[PDB]
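Understanding the architecture of this molecule
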Amino acid sequence: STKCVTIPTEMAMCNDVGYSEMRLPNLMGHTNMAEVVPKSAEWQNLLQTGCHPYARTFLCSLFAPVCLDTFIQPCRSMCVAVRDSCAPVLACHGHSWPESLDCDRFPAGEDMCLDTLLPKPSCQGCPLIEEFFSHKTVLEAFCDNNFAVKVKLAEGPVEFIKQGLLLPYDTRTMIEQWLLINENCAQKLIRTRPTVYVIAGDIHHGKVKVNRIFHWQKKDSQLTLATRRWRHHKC
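What counts as what
Residues numbered from 1 in each chain as written, not as in the entry; some residues may be left out. Heavy atoms only, no water. Residues with missing side-chain atoms left out of burial classes, pairs and counts. Helix = DSSP H or I, 4+ residues; strand = E, 2+ residues; numbered from the N terminus. Contact = heavy atoms within 4.5 Å. Expected span 1.5 Å × (residues − 1). Bend = angle between axes of the 7 residues up to and from the residue. Buried < 20%, exposed > 50% of the residue type's maximum accessible area, 1.4 Å probe, protein only. Salt bridge = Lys/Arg side-chain N within 4 Å of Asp/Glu carboxyl O.

1. Examining the environment of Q177
- Inspection of the secondary structure assignment puts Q177 in helix α6 (residues 168-181).
- In this structure, the C-alpha to C-alpha distance between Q177 and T227, residues 50 residues apart in sequence, is 25 Å.
- If sequence neighbours within four positions are ignored, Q177 has contacts with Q48, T49, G50 and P121.

Take a look at the structure:
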């Protein structure tokens, strides 16, 4: 038996994707909502990393499929595109792309399947949290990297030192995505109490890479001096 049931608000994967009802069993083989919801919740961290714009579409088509008796599967090429961008993020959390989503289970081509007609943080080594630095070294970091920001983590409102093309909202989100991906690094940084850092990095093509992190301590002089002189500094 197959039934059409409303997507409950507690299913964060799919509670705001445009349609409101789903098929049981779903394409994952879950038979009831007590199974669907916690299994879907395993993906909540991943979906917040922004690793692929179609990640949520892809997963909802499997977890909350539309109410036909025919299964409309994602096309293999959609699985491959989402896997290739998001499996590196899973690996950064100690997880792997599940065998239940190996892309060979989905049809090749584009008939009867779901297909497609900003800079991304990557999993990287943790930057040293620098503490005994001179303002000269900070300024050289500002010259080299194409952005630098002052942020407070606990992650409050961000002050640009070297802004470039960056928009404030986008930069905030890029930082939070970097912290969510790089869980091991976040844990060293967000050692409560709330802490202030200067973060210098590079938005290459088209990835974000954090290269330098400077701890802004209570009675700092060197980051103060560096941020004051940056405006008039010559590289």
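Picking up where we left off.
2. A word on helix α4 (residues 76-92)
- In this model α4 runs 24 Å from its N-terminal to its C-terminal C-alpha over 17 residues, within 8% of the 24 Å that 1.5 Å per residue would give.
- Of all the bends in α4, the greatest reaches close to 35 degrees and is centred on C86; the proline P88 follows between one and four positions later.
- Among the residues of α4, those classed as buried are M78, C79, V82, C86, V89, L90 and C92.
- Buried positions along α4 lie against α2 (44-47), α3 (55-63), β3 (73-74), β4 (113-114), α6 and α7 (183-189).
- Positioned one or two residues after α4, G94 has a phi angle of 80 degrees, which is positive.

3. As for the side chain of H52
- Tracing the sequence through the fold places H52 in the loop between α2 and α3.
- Ignoring anything within four residues of it in the chain, the contact list for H52 reads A81, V82, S85, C86 and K120.

4. Some details on the pattern of salt bridges
- For the structure shown, the criterion picks out five salt bridges.
- Where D69 meets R23, a salt bridge forms, and the shortest distance between an N and an O atom there is 3.7 Å. Of this pair, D69 sits in the loop between α3 and β3 while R23 sits in strand β2 (residues 21-24); the two residues are 46 residues apart in sequence, bridging distant segments of the chain.
- For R23, a relative accessible area of 5% translates into the label buried.
- In this structure, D84 and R83 form a salt bridge, with 3.0 Å as the shortest nitrogen-oxygen distance.
- On the basis of relative accessible area, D84 is assigned to the partly exposed category, the value being 46%.
- You can call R83 partly exposed: its relative accessible area is 24%.

5. Some thoughts on the environment of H233
- With respect to the helices and strands, the residue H233 is situated in the segment after α8 (222-230).
- Look at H233 and you get partly exposed, because its relative accessible area is 28%.
- Counting along the chain gives 29 residues from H233 to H204, while the straight-line C-alpha distance between them is 23 Å.

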